[PDB]
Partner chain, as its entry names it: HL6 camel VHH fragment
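So this first bit is one chain, no partners, the form deposited without the partner chain, shown in structure tokens.
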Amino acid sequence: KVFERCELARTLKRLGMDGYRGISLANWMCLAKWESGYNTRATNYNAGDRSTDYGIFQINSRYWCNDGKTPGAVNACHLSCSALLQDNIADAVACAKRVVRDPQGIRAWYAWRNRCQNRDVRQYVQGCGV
């Protein structure tokens, strides 16, 4: 599923993402935008280490979910990477929450540090009624 901007904003809000561990919705939106373009089907194979980034938040198989094919990885979210490719983003949100509970928080995502950190992200939630 490829979400419309505000559709995603509200979806994330209903899933308890607004201010989760201090992260505003606008930040989550900016991350999903640059990670997948709001596409839950997005996948990126990393030939270097044989891991794959899955879904709307582009969560990596090396540490966060299990896909079997990544040589010896871990599964911190305790989910099949398949769960991160569903139209329903509840499982991806739960895993995204798990990622931010770590020290770095949302800084875990390089794209957030580069494209969202200390930026005017208001435009991600404007008009969405969130």
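Numbering follows the first chain given and starts at 1.
Subject >> Stretch with the higher entry mean CA B-factor, where the candidates are 39-47 and 91-99 >> reply: Mean CA B-factor is higher for 39-47.
Original post:
Is the mean CA B factor in the deposited entry higher across 9-17 or across 115-123?
Top reply: Result of the comparison: 115-123.
**OP:** Quick one: which of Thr70, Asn75, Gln58, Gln104 shows the highest Cα temperature factor in the PDB entry?
**Re:** Each of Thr70, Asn75, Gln58, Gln104 was compared by C-alpha B-factor; the highest is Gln104.
Original post:
Mind checking which third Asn66 falls in for C-alpha B-factor across the chain?
Top reply: Lowest third of the chain for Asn66's C-alpha B-factor.
**OP:** Within this chain's modelled residues, let me know which third the CA B factor of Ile23 belongs to: lowest, middle or highest.
**Re:** Ranked within chain, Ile23 CA B lands in the lowest tercile.
The same protein also has a form deposited with the partner chain bound, omitted here; what follows describes it.
**OP:** Just give me the residues of 43-80, first to last, that have a heavy atom within 4.5 Å of the partner chain in the bound PDB entry.
**Re:** Going through 43-80 in order - heavy atoms within 4.5 Å of the partner chain in the bound PDB entry - the hits are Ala76, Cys77, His78, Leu79.
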